[PDB]
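Take a look at the structure below.
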Amino acid sequence: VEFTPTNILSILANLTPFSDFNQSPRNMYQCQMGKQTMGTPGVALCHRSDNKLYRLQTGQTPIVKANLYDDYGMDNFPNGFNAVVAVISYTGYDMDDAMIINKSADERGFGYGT
Amino acid sequence: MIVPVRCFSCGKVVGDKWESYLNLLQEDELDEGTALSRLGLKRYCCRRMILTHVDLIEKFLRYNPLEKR
Amino acid sequence: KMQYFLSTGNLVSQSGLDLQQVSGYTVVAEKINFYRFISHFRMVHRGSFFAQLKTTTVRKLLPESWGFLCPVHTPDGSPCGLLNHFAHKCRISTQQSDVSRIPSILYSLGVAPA
Amino acid sequence: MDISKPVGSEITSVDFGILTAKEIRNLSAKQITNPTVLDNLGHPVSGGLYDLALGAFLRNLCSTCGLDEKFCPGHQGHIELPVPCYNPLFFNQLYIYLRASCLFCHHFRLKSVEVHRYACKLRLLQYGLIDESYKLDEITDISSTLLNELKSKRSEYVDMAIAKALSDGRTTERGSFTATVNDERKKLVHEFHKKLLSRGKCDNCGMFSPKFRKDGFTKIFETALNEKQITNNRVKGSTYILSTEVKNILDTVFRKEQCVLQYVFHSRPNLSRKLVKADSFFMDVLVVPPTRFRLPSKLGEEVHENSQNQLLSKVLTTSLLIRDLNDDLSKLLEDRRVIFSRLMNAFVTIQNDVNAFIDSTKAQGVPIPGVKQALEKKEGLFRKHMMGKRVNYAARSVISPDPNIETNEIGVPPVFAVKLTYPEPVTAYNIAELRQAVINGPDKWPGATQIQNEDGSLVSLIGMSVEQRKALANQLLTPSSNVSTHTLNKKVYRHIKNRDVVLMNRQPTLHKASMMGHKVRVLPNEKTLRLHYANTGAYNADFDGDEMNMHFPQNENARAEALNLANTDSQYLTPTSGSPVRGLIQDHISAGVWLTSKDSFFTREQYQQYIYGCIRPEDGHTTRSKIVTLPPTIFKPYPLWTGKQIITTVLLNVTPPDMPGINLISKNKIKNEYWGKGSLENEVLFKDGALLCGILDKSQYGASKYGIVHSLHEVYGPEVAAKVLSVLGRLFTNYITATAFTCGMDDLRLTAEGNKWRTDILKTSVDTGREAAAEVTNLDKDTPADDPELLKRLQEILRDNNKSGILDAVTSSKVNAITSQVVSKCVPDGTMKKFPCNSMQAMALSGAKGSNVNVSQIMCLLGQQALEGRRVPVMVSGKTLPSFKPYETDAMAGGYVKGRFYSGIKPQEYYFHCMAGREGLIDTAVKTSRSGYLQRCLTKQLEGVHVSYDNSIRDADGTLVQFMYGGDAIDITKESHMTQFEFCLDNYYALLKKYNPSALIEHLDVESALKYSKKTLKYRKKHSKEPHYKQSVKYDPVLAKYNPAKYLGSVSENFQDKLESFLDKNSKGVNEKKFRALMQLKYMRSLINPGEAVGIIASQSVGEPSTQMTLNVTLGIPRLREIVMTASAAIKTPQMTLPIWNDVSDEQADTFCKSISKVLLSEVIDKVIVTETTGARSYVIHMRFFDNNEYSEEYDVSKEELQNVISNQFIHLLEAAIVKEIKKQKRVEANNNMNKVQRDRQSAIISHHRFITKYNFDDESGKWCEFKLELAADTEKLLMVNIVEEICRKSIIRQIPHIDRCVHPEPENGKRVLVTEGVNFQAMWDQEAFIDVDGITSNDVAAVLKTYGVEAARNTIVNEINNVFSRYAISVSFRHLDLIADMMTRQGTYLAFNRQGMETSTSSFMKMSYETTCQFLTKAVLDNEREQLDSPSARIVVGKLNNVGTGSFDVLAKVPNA
Amino acid sequence: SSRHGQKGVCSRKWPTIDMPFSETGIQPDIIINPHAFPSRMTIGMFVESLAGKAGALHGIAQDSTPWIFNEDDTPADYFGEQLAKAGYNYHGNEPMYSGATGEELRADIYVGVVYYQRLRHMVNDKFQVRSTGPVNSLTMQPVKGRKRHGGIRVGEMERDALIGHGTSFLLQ
RNA sequence: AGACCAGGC
DNA sequence: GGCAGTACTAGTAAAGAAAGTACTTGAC
DNA sequence: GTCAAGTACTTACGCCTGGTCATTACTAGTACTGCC
Ligand SMILES: Nc1nc2c(ncn2[C@@H]2O[C@H](COP(=O)(O)CP(=O)(O)OP(=O)(O)O)[C@@H](O)[C@H]2O)c(=O)[nH]1
Ligand SMILES: [Mg+2]
Ligand SMILES: [Zn+2]
Ligand SMILES: [Zn+2]
Ligand SMILES: [Zn+2]
């Protein structure tokens, strides 16, 4: 018998939350796009000299996270931010795949990166 | 990296409440739900700032090129 | 000549190895993210010979990869099915284990010697 | 390009020829001689590859023209090759004439009267005399008295044939050359060369020539002439030969036979009368290209010389080696012995260098690319830099959506509004706005960045101040101070404004509506292109990071096309089906369900807010300059307006007044049962422009036929229907920001009763996988899952591919029945929140976003996860996964998942669903390289096909594909409401305003075409009881006798038959004659315009719906690979459909298919036991059959027929295979005295065959057959069981040739059908008693070509390309299928869309650009082929205007004075 | 993007007074369309919204490693009864108002917090201009590349798409 | 300008 | 003091898992 | 003349963005130094 049914998934595959509720290609897209985010690469950036480097300023730890998240030390590397998300047709600017931000959210530093 | 002044949804000043929260979790042995309520954070957009702050500046600050080690 | 292999990925061999491909052995570790950086060390690749190939049955998700290869963590597009990642508890042997007492205890279990 | 710098001459034609060496010593700038490129201090040494005589190089003036780097064009030089070396382009054609020629009399080895027979047939084919060249064979050991007289009769026949046709208005003295005379010319030269090469002796003087051996390239070898035939050289009274000797032979051959090769090497008549020479196959002088075109690879300090310099250096190094090798021949035995063996070594290496310069793959030696390989493939020169080019004045950025844009615009950023610029020449009317544009400068919008003076000079505004910049604004409109520039004016490069035009473009541009022309409206904030949602259906453009191109045209000829012709309002209907592609998409469709509901009531402040929020009269959306309203629906207690009445007065303000409202009766996607008992909201009802009933949906506005927006497009025009999408785009946006739409977790739950329903039908599925398994394995009744007979045969099923395919099809069929029982019950009936409140379900019924199968997988049941037809694949062990036991008959184990996306999928339901998800992404990604090369092959053949002014569509060179487009010459984007007669009758007075019948009587003929339309309608109703072959027709259709674009009433026959059928059934103040006189003008206005690039449209109407398939008969994109691309006569699965007569019954049919279906000798044998005894090799072949009560019932093979197959068919093949192997290795029963007739039967087989010494057959039961077989002792061991098996599978009992099986399927669509699995028409013509022989259709389009002709294969190719889009429910109209048919059968054969189906073509730059460039290049230059620059591929290479559409005519100017 | 494959560019930084607002006083700082859900079937994002909002209210984190829920204890019931004990709606909804007109919306709008991710695909790495610029020396056609101020390619499939409109001066 | 690698739609 | 050995230097020379037709060579 | 099979050349979705590395041996020569 297996110890747990989650030792069949990879590192990034265990960190998508409620993975058994998505369609199968959309879990495959998140493992691709989760390793393309603007997160924090390290903390030794004063001693690095890499030719291109992205760094999101204020990351957060997720409310909704797997137990493998705190076991691989992903709190050392925050890759995003908790956002108050309304699922609403209100705007007209967000139909196909688009989405809007509160303007005064990122006048305050929501999702800012260098 | 460091605690956000003025939370991202309404605009309540939040950045003065990080060092009180760690005081209200370690010295006063509280859970995180009571400590967010005692600091005056009622709206859940304000609550997810201090609940989910990483405070990663303390890991940055141990690389100080201006002092011997 | 070993700094040339790592910087380019080209395999220069006078008595060519047991490998089908001749280039593309080394890949830049990005550190564009920490999800990206840890994913470089868990990825498996089938070979660049199989990429430039118009078959489908080599890219399939086989049922023999239960707990060894990850089902979802696989890129979309051209490397789909070819580049894929291990399950997080799948570990690879790296040393020859002790064998020298196993024929000595198989003869006592009824194996007639060769 | 400057419009103020015209150019005088034009290239009208080109033609191909070979540089002789005398030209490229006169053409040359300087012969270059030393193999050092540049010396120390970087100077190009005089006489090297870099010389100042060959062009200015690196800040050093040219020595030929004296100009610098910017103005020297570059000059050609040459080298002097000392030996005449082979040109590798012509070596395959040199080697034919190198052979086939006599080395003694220097003619070819044919008789000289048959070589003359081709010279007089190819002279006729130079002119347009394809018919008379076959009459020339009618002019017909043997003395030379009459062969000299036969050559006079054939030559005087040609001189009489050419002179008559040149006077009978048929052929110019420049000669008529079409596509089908290029067919019979290439056919005749390939007959000529194949017959030259097959000769033993010269038939002029009868003795042999020593044969030649082509080792590869760079060398040539003459072989040893044998001792048997050197006697013929003595009764007439191996060695590497030099390239100088081959030229010596062939200069003599081309003079003794000059009079034939003038016509082999010329397609058109040789007016210059030049000789063809053998020096033209060799090359004695290389042409070095100018030093502009071989500049070094500069990258910082890493300066490398060009790859051509590295190849040309080796030719010069070898050329000075051989000069220093021939300096020892002037000094002069050992000094001669070794210096010649190294000189002949230098002959090979200078040839090996002139190979590598031209072609890198004909060079023995990672190699340096040659001149051939800079031209060939993708990344060549034709495909990378001629058919596609990088462009100036063009932008690309990510797109974000934008409403409040008027649907014919693109929203351009400020940062493209500043960089992109347009040359306005200054006039008296621009100096208001273009003086302020230059004052604003390069950074202020609206501004300008440069001024072009009259002189061609160009003044930049970038580094200037505003005081200097106001001085240039007053100097802007000044008269010229130069006489030679007095008629020119200054051009101000203004910024792009709100009035310009823009091409928008997203890759892949799979059809022409993926590259449209938008207006521009600048936006002041950010750096992204901004697109309205009606454009997203045509570009196929979501907003998950799409970037799409933006091209800005630079003159008024291209601004007028991208506003009128390639406009985005013209592209409402796609020409694939005629169905629309433009419409509102996701939020606007879910809003119109709520806005047009019966619940939606609006008070007076709300009602007047929604109308002004979408109309806004100052921007000119209204047509009245004052918003009119309606009285409210409910007056008391307080006024309220229903939301039907919102769109009533929306469609009242944007419509033209004094033109009546639209009348429209349609339906929508939501049933009446979703609303309530007795609702009528399914049918929609616009009456006098007022929405009186029904919900507006995706089917009304959106990419959907016969909605309201599609009906605004027909009644009011394309400019109105694009405006209604703007208004409904804003009305449904402002209704959403005041009354919003959301979906949540609340919308996904079933009831407590619905979940109780779901978990009880899913309890039936727990035994389905066993009941399905027991059917396939044929176990009896209710067998348990662990039955050892069940588990035995399931392992037998697993090891076979097809037995596992019918387990995975029966079991899948039963579990999709359980799936449909869940879905038909649990939704809509068992859902907790219901329509309209259930928002997940509301946007799937409405078609906003989603499907009914999507909410099935969320709320009820995810379903059977299916692989490529099959279920989840199984391991070797029988386990489908390690969680399940081996060979279990559970439906869950084979991929049927029972969880849902609401509640969750189990870890093995998850893993099986990961298999199907990856499979869909592999077929999306790596399998569109097969559909994308379908469309490339289609568009190259059909790029020049277009409508002519004859209304007769044809190819670019002039050859005719059809006589009329589709047989009726009407556009697909105009025939939508052509047969919608009850729509056009209700909207008669509004359609009469746009067709205007009485105003157009004057310029037309009304009287003539209507008479002959009544003389053929009345004639055909009297006839047409008999079939088509009996019809003495006596009358053409009226559409081929009269021009339908000029004569009113020249319609097609089914338009005439459907009009009078409508005008007879329902007889209904418009009378009967005014209605038929308006449909006949609507038909005439729906004619296709001359100049329509039809073959491009017909090739994009197949390649783009083929990408609706991606991204026992073959099906889909492999079926289109066989029909269109390969034209395979060796089709993968040929069939034939046999109509059963109605007299014979179904029992007389399935007993008839056994006589057609083949029976092998393999299909009758139980087992074969050999018995090899030795010590004389004796094989006792005992072959054991089934019972005679068993095989004479299955296959109906009799006992006596089985004996003759063994006697006369099996042993003749078995004995032939044993002798084959012996050659290639030299490197129970009673006694035999039953009757003498078995002894006589035995004695014949021993007598006839080779080494059978005994034979007997079971003549009383047919069960066994046993024959002895003897060999000697010299033969070693044969297997003789793998021999017998491979002969028993080949020996046939009862075979009809080319037919393997005959199947009687279920009767599809009424008629009775008997399908065979092969094609043989000749054998199915003897079965008159069972099969309707006048209805035998087929599948193999090359076999129906062979027996039924050209037109029947033309009909079969349309039906085979129709039913490949019928499996996927894709409707592509029959006119695209008509033209792909009539292009593939244009020569009377069945030609493919590949490089073998395009060799018969006139345009050489079309063939060079497609593939194998330097094989069509050599065939063009050895024909000396002149091409008139007709194809669009040939006009882009040389730079002409394209001959299609706008360039299909000239524009002339009426000057007033003499 | 979200953690469920819901990618998409930003359209407009919508002002706070124009955004919808709840009765609690907050405003959502991300709006996603409800039409991104039915064709994609990312129900894991609907349940991260419940689990996210029910965790920020009580100050707890919820494990979301897969197959901790059966079909009998749905997480819509687990995180629904946590939102009911806080005083919010069981189904994750909130009564919201419009920012433009200030009216009560029809249905209670579905909100909650999820964890977004900012991807590295900005516009500034995209977005190339060209009026004129450097050309290739061999062909005098514009250079390939954004960083070398080069031009975009009108390839073969774009060429005959200009034939198909019949426009012949756009092709030249 | 190439080759390889990593990606976007 | 000058001779010859090495260690360098800059100098110019060599670098194994797709499907279609057309063709010659090939026995008979 | 002939069918025959082996062999040889030929294509295999469009566009876009980054990044890296890139000739090696050797051979004769002028100069450095250890030496007597
Ligand atoms: N010509 C090509 N187009 C491609 C290729 N890969 C992707 N694409 C385009 O990118 C788009 C990819 O769509 P997706 O893979 O995201 C399928 P998805 O379920 O996300 O569609 P939606 O449901 O509309 O979001 C599709 O429109 C294609 O036109 C390719 O290799 N070649
Ligand atoms: Mg997209
Ligand atoms: Zn707040
Ligand atoms: Zn010059
Ligand atoms: Zn002769």
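So you can find residues: chains in the structure tokens are A, B, ... in the order shown, residues in each start at 1, and ligands are numbered from 1 in order.
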Which residues are close to residue B:51, i.e. within 12 Å by only C-alpha atoms (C1' of nucleotides), leaving aside same-chain residues fewer than 5 positions away? Reply as an mmCIF file with C-alpha atoms, in the first residue's frame.
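Written output follows (around_9.cif):
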```
data_model
loop_
_atom_site.group_PDB
_atom_site.id
_atom_site.type_symbol
_atom_site.label_atom_id
_atom_site.label_comp_id
_atom_site.auth_asym_id
_atom_site.auth_seq_id
_atom_site.Cartn_x
_atom_site.Cartn_y
_atom_site.Cartn_z
ATOM 1 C CA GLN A 60 3.093 36.457 0.762
ATOM 2 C CA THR A 61 2.532 32.950 1.976
ATOM 3 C CA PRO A 62 -0.701 31.378 0.668
ATOM 4 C CA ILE A 63 -3.754 30.803 2.823
ATOM 5 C CA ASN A 82 -3.215 36.686 -1.837
ATOM 6 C CA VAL B 3 5.640 44.740 6.082
ATOM 7 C CA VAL B 14 -1.308 47.921 8.515
ATOM 8 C CA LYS B 17 1.005 46.131 13.273
ATOM 9 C CA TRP B 18 3.735 43.634 12.422
ATOM 10 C CA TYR B 21 1.536 40.810 16.153
ATOM 11 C CA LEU B 22 4.728 38.874 16.873
ATOM 12 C CA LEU B 25 1.878 35.538 19.404
ATOM 13 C CA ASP B 31 -3.706 32.049 18.295
ATOM 14 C CA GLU B 32 -3.658 34.021 15.052
ATOM 15 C CA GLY B 33 -7.408 34.650 14.999
ATOM 16 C CA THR B 34 -7.535 36.428 18.334
ATOM 17 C CA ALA B 35 -4.356 38.419 17.659
ATOM 18 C CA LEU B 36 -5.701 39.821 14.393
ATOM 19 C CA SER B 37 -8.885 40.839 16.205
ATOM 20 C CA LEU B 39 -4.970 44.676 16.717
ATOM 21 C CA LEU B 41 -8.055 44.155 11.869
ATOM 22 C CA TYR B 44 -10.666 39.966 5.976
ATOM 23 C CA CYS B 45 -8.699 41.921 3.390
ATOM 24 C CA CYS B 46 -6.913 43.617 6.283
ATOM 25 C CA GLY E 52 -9.028 31.344 1.235
ATOM 26 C CA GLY E 55 -8.944 31.101 6.494
ATOM 27 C CA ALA E 56 -8.370 34.842 6.541
ATOM 28 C CA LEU E 57 -11.428 35.255 8.773
ATOM 29 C CA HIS E 58 -10.364 32.775 11.444
ATOM 30 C CA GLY E 59 -6.620 33.295 11.082
ATOM 31 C CA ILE E 60 -5.877 29.728 9.995
ATOM 32 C CA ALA E 61 -4.301 27.996 7.028
#
```
Using only C-alpha atoms (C1' of nucleotides) and all ligand atoms, which protein or nucleic acid residues are at most 6 Å from ligand 4, as a ChimeraX atom specification? /D:55-56,62,64-67,72,74
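All residues of protein, DNA or RNA that reach within 8 Å of stretch 21-29 of chain E, judged by only C-alpha atoms (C1' of nucleotides) and not counting those fewer than 6 positions away in the chain, are residues 83, 84, 85, 86, 100, 101, 102 and 105 of chain A; 8, 9, 10, 43 and 45 of chain B; 94, 95, 96, 97, 98, 99 and 111 of chain E.
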Neighbour list for residue E:145 as a PyMOL selection string, cut-off 12 Å, only C-alpha atoms (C1' of nucleotides), skip fewer than 2 positions in-chain: (chain D and resi 390-391+396) or (chain E and resi 126-130+133-136+142-143+147-153) or (chain H and resi 16-18)
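Between atom CA of residue D:316 and atom CA of residue D:329 there is a distance of 20.6 Å.
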